[PDB]
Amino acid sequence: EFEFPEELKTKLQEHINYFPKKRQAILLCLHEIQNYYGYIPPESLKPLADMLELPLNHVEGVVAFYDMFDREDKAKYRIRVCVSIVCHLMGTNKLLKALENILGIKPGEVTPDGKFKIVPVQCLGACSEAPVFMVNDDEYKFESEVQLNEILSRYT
């Protein structure tokens, strides 16, 4: 019985119509779904598949491959923390310690309210501003806990 609500269906159709071939819109569609729900529902894949004129397992294969997509944990706000070489040198662990102090969670975990999930990622390509993190689409240099606490107060 799973159906995308109209507003979402509309946005997905825009993407499928944007490229010359429908299947090229798969990652845009998947970004959209994850944006909408806060994860990728397993139930979403079959109908997505039908809109792309692709088999379900193709779609599932794609979700499994691409690390930004998550089918397990719903989160309003994904906190992508860089764990690669340059952020590591410049204080990824201080960033994480400060996140734990504020939110009470570690990498992999979601707050009880389902508001914040900490996602460890590879280099975000902002290494001069190490240690780097994102909150959904917003990206920031971590300076200190008090600075971080203020940034996070912006997401409600």
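Sequential numbering from 1, following the sequence displayed.
Remark: stretch with higher mean C-alpha B factor among 54 to 62 and 126 to 134 is 54 to 62.
With 5 to 13 and 138 to 146 compared on mean CA B-factor from the PDB entry, the stretch scoring higher is 5 to 13.
The top Cα temperature factor in the record, among 94, 31, 88, 46, falls on 46. For residue 78, the recorded CA temperature factor ranks within the middle third of the chain's modelled residues. In the deposited entry, the Cα temperature factor of residue 112 sits in the top third of values across the chain's modelled residues.
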